[PDB]
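Shown below, as structure tokens, is a lone chain in the form deposited without nicotinamide-adenine-dinucleotide (NAD); questions about how it binds or moves come after it.
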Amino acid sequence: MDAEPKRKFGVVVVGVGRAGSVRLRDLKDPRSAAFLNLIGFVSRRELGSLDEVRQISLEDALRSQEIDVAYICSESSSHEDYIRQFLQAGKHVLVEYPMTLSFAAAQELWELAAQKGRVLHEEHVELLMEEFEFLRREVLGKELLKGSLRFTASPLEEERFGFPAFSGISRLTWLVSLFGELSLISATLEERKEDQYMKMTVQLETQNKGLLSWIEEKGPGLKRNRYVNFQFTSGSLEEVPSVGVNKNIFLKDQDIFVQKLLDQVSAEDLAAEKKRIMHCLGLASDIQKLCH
């Protein structure tokens, strides 16, 4: 520490699986290096030294005053605990969705963040996807009669990554962002343990009663895929441009987090995002209750 004003925010990355490794790689990007600098990283594995910084203990990350920001990239089941501890320690926090696997817990963290005067940011890169922007432009001025969004992928351990409504909350986020706040009508969950198969089907309604079906399907034989079928009073939409993953999509999310750090996001925008985030976590929580 030194009292001469500094140019950047010091960052600690907590958990270094695919997401944490991408955040570390992204910290090496030039323009992102104008505002941030990696201080250390925390991991359940013995990595020791990455990008020239030493691995540090959680205790050490929490106590260090050189660290202004924590990127929580651990398994989802630990997100809540890590966010709580870092906000308690006075760090701004960026966390990959879902921020928690509990609505009431998320409420507590938002309150803690406000009390500590820290930024709490839940990353949702799905809203930065090129095909999502396409969809947003296409549904504009149209009225949804009925639609479905299905995502198929491989099995996911619920103990570590959450119940499917939480682990797949990015698909629900798409629907809410595209069509507004949704009414939960019903939910069912089919599971065939012998086949490692799971299918969650959720019926939702837009405010004007357009029907939406959200399906999360997981099985060892499923190709990772998204299926969109939106029927409007004026035409239908079943194809979205075929786009590959964008290596810089997390940097786009980081740009938003940095604007929040610099106090460059309006109170209006901050409130609308939190309201959407909490609406989705509340739906996921209730969906889980309905699936029993």
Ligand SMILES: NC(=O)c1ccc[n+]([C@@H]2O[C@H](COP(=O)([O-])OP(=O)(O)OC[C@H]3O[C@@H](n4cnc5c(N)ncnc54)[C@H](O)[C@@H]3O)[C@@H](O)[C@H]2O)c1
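What we label the rigid core is the largest C-alpha set whose atoms superpose within 1.5 Å from one form to the other. The first residue of the sequence shown is number 1, and the count goes up from there.
In what follows, reference is made to the form deposited with nicotinamide-adenine-dinucleotide (NAD) bound, a form of this protein that is not presented.
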(message) Just checking whether residue 66 would be counted as a contact of nicotinamide-adenine-dinucleotide (NAD) in the deposited complex - the rule being heavy atoms within 4.5 angstroms.
(response) yes
(request) Consider residue 132 of the chain shown here, and say whether it contacts nicotinamide-adenine-dinucleotide (NAD) in the deposited complex, taking contact as heavy atoms within 4.5 Å. (result) no
(request) Would you please decide whether residue 85 lies within 4.5 angstroms of nicotinamide-adenine-dinucleotide (NAD) in the deposited complex, comparing each non-hydrogen atom pair? (result) no
(request) Decide whether residue 260 counts as a contact residue for nicotinamide-adenine-dinucleotide (NAD) in the deposited complex under a heavy atom distance cut-off of 4.5 Å. (result) no
(request) Could you tell me which one of 197, 161, 103, 110 places a heavy atom within 4.5 Å of nicotinamide-adenine-dinucleotide (NAD) in the deposited complex? (result) 161
(message) Quick check on this chain: which one of 138, 75, 191, 81 has a heavy atom within 4.5 Å of nicotinamide-adenine-dinucleotide (NAD) in the deposited complex?
(response) 75
(request) Name the stretch, out of 110 to 118, 140 to 148, 175 to 183, 89 to 97, where some heavy atom lies within 4.5 Å of nicotinamide-adenine-dinucleotide (NAD) in the deposited complex. (result) 89 to 97
(message) Residue by residue through 163 to 184, which ones have a non-hydrogen atom no more than 4.5 angstroms from nicotinamide-adenine-dinucleotide (NAD) in the deposited complex?
(response) 167
(message) So that I can tell if residue 245 moves, could you say whether its C-alpha shifts by at least 2 Å between this form and the one not shown after the core superposition?
(response) yes
